[PDB]
Amino acid sequence: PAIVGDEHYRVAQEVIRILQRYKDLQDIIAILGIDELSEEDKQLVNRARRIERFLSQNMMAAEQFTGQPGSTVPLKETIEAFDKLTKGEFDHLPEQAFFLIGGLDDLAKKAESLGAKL
Amino acid sequence: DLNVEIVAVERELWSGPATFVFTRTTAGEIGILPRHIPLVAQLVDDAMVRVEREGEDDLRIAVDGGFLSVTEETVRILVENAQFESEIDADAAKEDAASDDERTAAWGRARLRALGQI
Amino acid sequence: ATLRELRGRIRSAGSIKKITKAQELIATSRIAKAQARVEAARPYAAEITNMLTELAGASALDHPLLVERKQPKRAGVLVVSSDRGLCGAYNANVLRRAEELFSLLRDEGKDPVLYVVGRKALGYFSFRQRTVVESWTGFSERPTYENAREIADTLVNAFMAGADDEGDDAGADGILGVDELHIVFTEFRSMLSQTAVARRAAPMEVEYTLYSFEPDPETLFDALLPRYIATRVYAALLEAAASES
Amino acid sequence: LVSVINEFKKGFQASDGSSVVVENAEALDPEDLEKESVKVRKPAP
Amino acid sequence: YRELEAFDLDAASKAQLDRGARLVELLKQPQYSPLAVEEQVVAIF
Amino acid sequence: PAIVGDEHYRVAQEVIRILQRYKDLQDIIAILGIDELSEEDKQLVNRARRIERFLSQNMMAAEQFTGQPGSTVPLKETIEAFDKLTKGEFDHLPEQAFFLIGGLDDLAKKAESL
Amino acid sequence: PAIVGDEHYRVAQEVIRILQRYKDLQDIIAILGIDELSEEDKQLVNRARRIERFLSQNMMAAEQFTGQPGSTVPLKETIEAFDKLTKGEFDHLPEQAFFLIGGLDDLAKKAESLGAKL
């Protein structure tokens, strides 16, 4: 927090906590799936899957492979978007809407293409 | 002879030919013979059904939630529940009769009528 | 220490496999039993439906339990879920269907009044801070006609009590009831086709020799309608139990 | 210390607004909903 | 018996489970207590 | 197929499929019982039992153990016999008829013997 | 049995059997929970947890680490207490009552401090 500010630090720590809790459940999920988890764990698992998709990004150097141009995301936009993800303001969009995109504008556009709304 | 079918909600109870079907509908005692007119009636709260075949001992059944449906081809008694004389234990029929609850008292009275105590 | 941990994990996974296989075979037998029970129950349903048809054909279809209410404002949704938890997406599908029904009711200006069967739905709705008027649990594995009778009695009592209710007031009854009854449950179409379905049980829509009705057609119709609703609730419970298995 | 702790608890502002003293899912198509009907073997009125 | 010990069974399987329990108990033996072959044959019988 | 041909490959794969299905059903049969099985499952179980019994053969080395001498079944005869078995053409013969025999002629002799 | 006597040996062997069964069921309990066990196995698991806690003891030399003065338990008292435990006598007490105590009097005292009555 002393260097990146309190907001950046808090959002990053919440992302890490959610992902760690998701990794801890992988044993149960691998055998039984999310259906046996509690409501809190189910919600956290959905949030963590969306977060892990959203950490991906269409890279600039990846255009030669996929043919899609890369994207740049400002730091403030990244912090705000992941803050919303942790709060749960995108829990209704499909997971694939978060795959290989930039900021929140791309998330909204891809959700619209997939039939959801942001 | 007419096809008696004592049928409950959970399952079917008994089916077969019969020569006489005596019971106590809400209006009053009714005896059904092979060519009775089509009829729909509601058995009394503590109705008892006596079935008489050609030379076989009568089946006396204590019926709760009974409805009688007679047709030229078949006769049916749709009961919420129904217990035969052999399975009816006298002690319960005596003790549960005239209880605080009207439904249980009626059921006990029906059991007693099936046994013969009335 | 890595090898010892791997050996322990292998032992744990083997025990889990044995238990899950035993559960799968037990569930196969349970499916057989549930199908047998459903088939046993079918004839009574057919007979009572025929009798209700006959009574309706010779009676005045003006029962309060049979006519759409005006300015309806409340619906009674019976969500049927399991008690155990090893079903894969049974409860999840049931609850998604229930949520869809709630959204549909909201679009029509109705406030769902929730009734739940089974503990899993209770946990789901407790997590969502949704009031549950009444819940019945413990018999989802093998429901009997007693439980269906009790559920139908409660639901129909609430529905009728909703007759006098005006606005947010409870009317002359003093009990704020509902203007509709819905049951959300899993229909068992096949060994693979288990579908969560919502069904409006009340009010009932009307679809289009002379029998001797005694004492009169109207009294018989009035006595038969609650038993018809209880029979449909029991059928839903049986089919949901089969779907759960 | 216990008295001070209790006095402090008297006016502690919890996170959820409770004292420490002592969705809108997708709608459903009516056509999906199945209605419980009464069969009548007569011409429509 | 080892296959079925994971366990709502038919008659044959329940009987197999009971027989397996009995046989497992049969092969138990106290220390320093060897049995002559004839006694072993009778016990296994 | 490039080595043993199409007919041999098809017959062998059909036999393998049937036996694998029977192995899958074995736990149900053992624990819950055959009667519970569906009619198609029972048909497949009977066919698989017949096939597995017919895979047994009276061996040359088995003469010293049982008086019955061994048999040499030509490969094409085996292929056609197991095609017939997988087609359900001998489901009506008793199971014991398929134990420790040679080709189709032996199967006949043992069937009309019973 | 020859040296320690029949009762001591029987009680010790029963304790070992129960603890071995609990170790066997640990993984199933962790993954699928407790309710999936048979009623007999649930009873055994409760018994095993209480036995495991009761095998703990407040040792004198350990006071410096816990602040709780140590305790001593005669052999006869130990045998009787564990014979009662394996028989399910103390199944009504919370398992926490058995943690770091001496004999049965300590167990009663700690259960009373927890509300339960031995």
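Letters are used for the chains, namely A, B, C, D, E, F and G, taken in the order the chains are written, and counting of residues starts over at 1 for each.
In the analysis below, a contact is a pair of C-beta atoms (placed from the backbone, for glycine too) under 8 Å apart; a residue touches a chain by one contact, two chains touch by 3 or more.
By chain, UniProt protein names: B = ATP synthase epsilon chain; C = ATP synthase gamma chain.
Peer 1: Can you name the chains that touch chain A as well as chain B?
Peer 2: For chain A paired with chain B, the chains in contact with each are C, in label order.
Peer 1: Return the chain pair with more inter-chain C-beta contacts, choosing between C-F and C-G.
Peer 2: C-G
Peer 1: When you average C-alpha coordinates per chain, which one falls nearest the overall C-alpha average? Tell me, please.
Peer 2: Checking distances from each chain centre to the full centroid gives C.
Peer 1: Go ahead and note the Å separation of the Cα centroids belonging to chain A and chain G.
Peer 2: Distance between chain centres: 48 Å.
Peer 1: Centroid of chain A to centroid of chain C, CA atoms only: how many Å?
Peer 2: Roughly 38 Å separates the two chain centres.
Peer 1: So, what's the distance in Å between the C-alpha centres of chain C and chain B?
Peer 2: Their C-alpha centroids are separated by 30 Å.
Peer 1: So which stretches of chain A touch two or more other chains?
Peer 2: 31-32, 36
Peer 1: Using the touch definition from the top, which residues of chain D touch two or more other chains?
Peer 2: In chain D, no residue touches at least two other chains, as defined above.
Peer 1: Of all the residues in chain B, which ones touch at least 2 other chains?
Peer 2: As it turns out, chain B has no residue touching two or more other chains.
Peer 1: Touching pairs of chains, which are they?
Peer 2: Touching chain pairs, listed by label, are A-C, A-G, B-C, C-D, C-E, C-F, C-G, E-F.
Peer 1: In the complex formed with chain B, which residues of chain C make contact?
Peer 2: 37, 40-41, 43-44, 47-48, 50-51, 54-55, 144-145, 148-149, 209-215, 219-220, 223-224, 227, 230-231, 234
Peer 1: Can you list the chain G residues touching chain A in their complex?
Peer 2: 31-32
Peer 1: Show me the residue ranges of chain C that touch chain A in the complex, using the header's touch definition.
Peer 2: 16, 20, 85-89, 91-92, 123-124, 127-128
Peer 1: Which residues of chain C touch chain G in the complex?
Peer 2: Within the complex, chain C touches chain G at residues 11-12, 15-16, 19, 23, 84-86.
Peer 1: List the residues on chain E that touch chain C in their complex, please.
Peer 2: 6-8
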